[PDB]
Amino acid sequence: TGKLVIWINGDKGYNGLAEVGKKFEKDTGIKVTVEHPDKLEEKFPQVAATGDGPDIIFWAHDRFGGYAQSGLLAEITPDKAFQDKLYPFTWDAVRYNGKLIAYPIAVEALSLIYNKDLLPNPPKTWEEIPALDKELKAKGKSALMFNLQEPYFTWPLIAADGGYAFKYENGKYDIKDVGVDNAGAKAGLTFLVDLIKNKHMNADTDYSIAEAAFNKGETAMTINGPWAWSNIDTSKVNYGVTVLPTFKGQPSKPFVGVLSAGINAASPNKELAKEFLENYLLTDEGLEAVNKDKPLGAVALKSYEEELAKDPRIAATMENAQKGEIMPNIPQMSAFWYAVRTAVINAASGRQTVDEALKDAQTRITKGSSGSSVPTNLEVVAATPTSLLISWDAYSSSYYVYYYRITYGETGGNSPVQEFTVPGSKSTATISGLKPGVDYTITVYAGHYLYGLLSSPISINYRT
């Protein structure tokens, strides 16, 4: 409680961040320790409460969803004046169930990268690309090569004309609303597949081949993110970075990643963590200190971004991000990647129509129950030596839940798990006939009147 421990990845400007921490110590006498363990994103949930977990954790926003579901992150409380300092869209990356759970720091998205010596005026639309490729092939070059294997790289086009992963509305994901097979995703993927069948691109092109071709001066354009610029710099190609082309007049929709800073829910230093983040780090001066150490790319703080965007590669990054799709931070996004990978390979190879390929992907992604269930926090409400009463937020369940299955057994010790059921009108259960002295793992499942037992139970450890 005398201090602030910060975790940040070892490839980030943690020495710049330590300088900000030293200025904070100079103004407050609070010592700020910046650590950069490997695998920090796996370690955090294991050490958070309490021992030596950090007060503040910096990571891509997409992991913070899982942390928040687990109750590991404090709800943050920036005032209106602070909220206005960051681009509004970046705040949508750090909500979980409508509550703010982190501060946006930096923003990444794919851009169009072009060889100025081959193409001083890069295309404004995807539609111009076939004609440009024809004119370049007659000169032994291609217009465009980019990684086609990963949906992260093909999504910007697929989704441009109205596709989306999960609908985001009223500050939350509507997980039942997926936009993988709508008419927009179909137009996008049809255009992509047509480029490939017409030999404007090769269906086998992957990250390495695209990067090699561009850096060797063989292709006029590629699609890649800020992490690739220093590699291009070693090639001496005269390159530019610009807004992705439009499709059907609509912007490409790259996924947006936001490096974010979360405050540990178990931290006794939450107000100091807040002061540090809002009043020291998230200033022109604080972000510059980090950036000087290792560049952040585009940043969420408007004043400092205005300075950084004098580098048009950063201005392009931010513009592609403002037009893009925030990467969903919900667990159901896990199914997206392999589903869309399959769709794209099958459509591109001509194994399936675009329509059937995306319909199969949409099916595989929506695979998951209609309704909400229990997330719970602090379950055990009463105890005797041999008996305990548990409690869960049954009110969180949809009306489809008609029962709860309670399981309890020996913690660690691989023993017979006991189980019983209660009606869905019930929000508590007494467990009894237990040994006064051992660790128990109590777990509760929701039962749906159609699907039966649902997959995301609530589980706690207790001791009598």
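Numbers follow the displayed sequence, beginning with 1.
Comparing 264-272 with 174-182, which has the greater mean CA B-factor as deposited?
Mean CA B-factor is higher for 264-272.
Mean C-alpha B-factor higher for 389-397, or for 141-149?
According to the PDB entry, the answer is 389-397.
Highest recorded C-alpha temperature factor, please, choosing from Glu41, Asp55, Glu35, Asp27.
By C-alpha B-factor in the record, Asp27 ranks first.
Among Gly225, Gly162, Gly368, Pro104, which residue carries the highest C-alpha B-factor recorded in the PDB entry?
Comparing C-alpha B-factors across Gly225, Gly162, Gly368, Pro104, the top value belongs to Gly368.
Split the chain's modelled residues into thirds by Cα B-factor; is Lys12 in the lowest, middle or highest one?
Ranked within chain, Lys12 CA B lands in the lowest tercile.
For the chain shown, is the CA B-factor of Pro120 in the lowest, middle or highest third of its modelled residues?
Tercile = highest for this residue's CA B-factor.
Taking the C-alpha B-factors as the PDB entry records them, is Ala335 in the lowest, middle or highest third of its chain?
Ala335: CA B-factor falls in the middle third of its chain.
Can you tell me which third, lowest, middle or highest, the CA B-factor of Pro78 falls into for its chain?
It falls in the middle third of the chain.
Relative to the other modelled residues of the same chain, rank the CA B-factor of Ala203 and answer lowest, middle or highest third.
Middle third of the chain for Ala203's C-alpha B-factor.
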